Amino acid sequence: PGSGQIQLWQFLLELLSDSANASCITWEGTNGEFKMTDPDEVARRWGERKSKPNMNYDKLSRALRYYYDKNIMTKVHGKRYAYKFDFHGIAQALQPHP
C-alpha cells in the first residue's frame, strides 16, 4: 500500500481529534453528524503532501461525492458540508493512518 500522499477523510479525522477549538473541520451540531466548512485548509494539506499547485481542493470535493457512494460517509447542505458516516460498507473503510 503506497503512502506518499494525504489520505482523504481519514487524515481529516485525525485533525478533528486535534481540532483544538476546531479551525477547519469539526463536529458542529451539538447533536451528531460531522460538519465540514473549510475544506480549503485540508486541501492545503495536499499541496504539502502531493506538492501539486495545479489542484488543491478540486479532487478533494470530487472524492467527497465518491465517498457518499462508497458508503464511506455522507453530505448534507442542511447544515453546510454536514457529513455523516453512511452505515453499509464501513466494515474496514474507517481505519486510521498507518
# chains A, B, ... in the order shown; residues from 1 in each chain; ligands from 1
$ residues_around --residues "region 12-15 of chain A" --least-positions-apart "2" --cutoff "9 Å" --atoms "only C-alpha atoms" --output "MDAnalysis selection string"
chainID A and resid 7:10 17:20 22 24:26 42 96:97
$ write_last_selection --atoms "N, CA, C and O atoms" --output "PDB file, in the first residue's frame"
ATOM      1  N   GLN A   7      -4.199  11.130   3.066  1.00  0.00           N
ATOM      2  CA  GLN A   7      -5.468  10.360   2.983  1.00  0.00           C
ATOM      3  C   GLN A   7      -6.605  11.354   2.769  1.00  0.00           C
ATOM      4  O   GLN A   7      -6.385  12.547   2.689  1.00  0.00           O
ATOM      5  N   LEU A   8      -7.817  10.894   2.666  1.00  0.00           N
ATOM      6  CA  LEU A   8      -8.933  11.849   2.451  1.00  0.00           C
ATOM      7  C   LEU A   8      -9.605  12.175   3.788  1.00  0.00           C
ATOM      8  O   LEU A   8      -9.100  12.957   4.570  1.00  0.00           O
ATOM      9  N   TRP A   9     -10.747  11.595   4.057  1.00  0.00           N
ATOM     10  CA  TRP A   9     -11.442  11.891   5.338  1.00  0.00           C
ATOM     11  C   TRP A   9     -10.737  11.177   6.495  1.00  0.00           C
ATOM     12  O   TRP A   9     -11.006  11.441   7.650  1.00  0.00           O
ATOM     13  N   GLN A  10      -9.830  10.288   6.198  1.00  0.00           N
ATOM     14  CA  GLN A  10      -9.105   9.582   7.291  1.00  0.00           C
ATOM     15  C   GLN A  10      -8.174  10.579   7.980  1.00  0.00           C
ATOM     16  O   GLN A  10      -8.326  10.891   9.147  1.00  0.00           O
ATOM     17  N   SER A  17      -9.550  15.245  15.823  1.00  0.00           N
ATOM     18  CA  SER A  17      -9.122  14.920  17.210  1.00  0.00           C
ATOM     19  C   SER A  17      -8.278  16.081  17.740  1.00  0.00           C
ATOM     20  O   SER A  17      -8.413  16.499  18.872  1.00  0.00           O
ATOM     21  N   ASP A  18      -7.416  16.610  16.914  1.00  0.00           N
ATOM     22  CA  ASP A  18      -6.569  17.754  17.349  1.00  0.00           C
ATOM     23  C   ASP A  18      -7.273  19.058  16.975  1.00  0.00           C
ATOM     24  O   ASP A  18      -6.670  20.111  16.940  1.00  0.00           O
ATOM     25  N   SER A  19      -8.551  18.983  16.696  1.00  0.00           N
ATOM     26  CA  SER A  19      -9.324  20.204  16.324  1.00  0.00           C
ATOM     27  C   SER A  19      -8.847  21.394  17.154  1.00  0.00           C
ATOM     28  O   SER A  19      -8.740  22.500  16.661  1.00  0.00           O
ATOM     29  N   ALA A  20      -8.566  21.184  18.412  1.00  0.00           N
ATOM     30  CA  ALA A  20      -8.111  22.317  19.262  1.00  0.00           C
ATOM     31  C   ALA A  20      -9.028  23.510  19.005  1.00  0.00           C
ATOM     32  O   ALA A  20      -8.646  24.476  18.374  1.00  0.00           O
ATOM     33  N   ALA A  22     -11.263  23.475  17.044  1.00  0.00           N
ATOM     34  CA  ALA A  22     -11.692  23.319  15.625  1.00  0.00           C
ATOM     35  C   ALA A  22     -11.307  24.565  14.823  1.00  0.00           C
ATOM     36  O   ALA A  22     -11.653  25.675  15.176  1.00  0.00           O
ATOM     37  N   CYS A  24     -11.091  24.323  11.051  1.00  0.00           N
ATOM     38  CA  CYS A  24     -11.157  23.906   9.620  1.00  0.00           C
ATOM     39  C   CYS A  24     -12.223  22.820   9.467  1.00  0.00           C
ATOM     40  O   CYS A  24     -12.991  22.816   8.526  1.00  0.00           O
ATOM     41  N   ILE A  25     -12.277  21.903  10.392  1.00  0.00           N
ATOM     42  CA  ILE A  25     -13.293  20.816  10.316  1.00  0.00           C
ATOM     43  C   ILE A  25     -13.616  20.335  11.730  1.00  0.00           C
ATOM     44  O   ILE A  25     -12.731  20.088  12.525  1.00  0.00           O
ATOM     45  N   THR A  26     -14.872  20.202  12.056  1.00  0.00           N
ATOM     46  CA  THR A  26     -15.231  19.740  13.427  1.00  0.00           C
ATOM     47  C   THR A  26     -16.634  19.129  13.415  1.00  0.00           C
ATOM     48  O   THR A  26     -17.298  19.089  12.398  1.00  0.00           O
ATOM     49  N   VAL A  42      -7.777  21.824   4.556  1.00  0.00           N
ATOM     50  CA  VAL A  42      -7.348  20.416   4.331  1.00  0.00           C
ATOM     51  C   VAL A  42      -6.723  20.304   2.939  1.00  0.00           C
ATOM     52  O   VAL A  42      -5.628  19.799   2.776  1.00  0.00           O
ATOM     53  N   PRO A  96      -7.498   4.344  10.806  1.00  0.00           N
ATOM     54  CA  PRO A  96      -6.596   5.472  10.992  1.00  0.00           C
ATOM     55  C   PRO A  96      -5.345   5.301  10.127  1.00  0.00           C
ATOM     56  O   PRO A  96      -5.098   4.244   9.579  1.00  0.00           O
ATOM     57  N   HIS A  97      -4.554   6.330  10.000  1.00  0.00           N
ATOM     58  CA  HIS A  97      -3.321   6.226   9.171  1.00  0.00           C
ATOM     59  C   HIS A  97      -2.431   5.104   9.719  1.00  0.00           C
ATOM     60  O   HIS A  97      -2.594   4.683  10.845  1.00  0.00           O
TER      61      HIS A  97
END
$ select_by_dssp --residues "chain A" --states "helix (DSSP H, G or I)" --output "count of residues only"
35
$ residues_around --residues "region 89-93 of chain A" --least-positions-apart "4" --cutoff "9 Å" --atoms "only C-alpha atoms" --output "list in words"
residues 70, 71, 72, 73 and 85 of chain A
$ residues_around --residues "residue 41 (chain A)" --least-positions-apart "4" --cutoff "10 Å" --atoms "only C-alpha atoms" --output "CSV table (one decimal) with C-alpha atoms, in the first residue's frame"
chain,number,residue,atom,x,y,z
A,23,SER,CA,-10.2,25.6,12.9
A,24,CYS,CA,-11.2,23.9,9.6
A,25,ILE,CA,-13.3,20.8,10.3
A,37,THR,CA,-16.9,24.1,6.2
A,45,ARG,CA,-2.5,19.8,3.4
A,46,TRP,CA,-2.5,18.2,-0.1
A,56,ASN,CA,-5.8,21.7,-4.1
A,57,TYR,CA,-9.4,21.0,-3.1
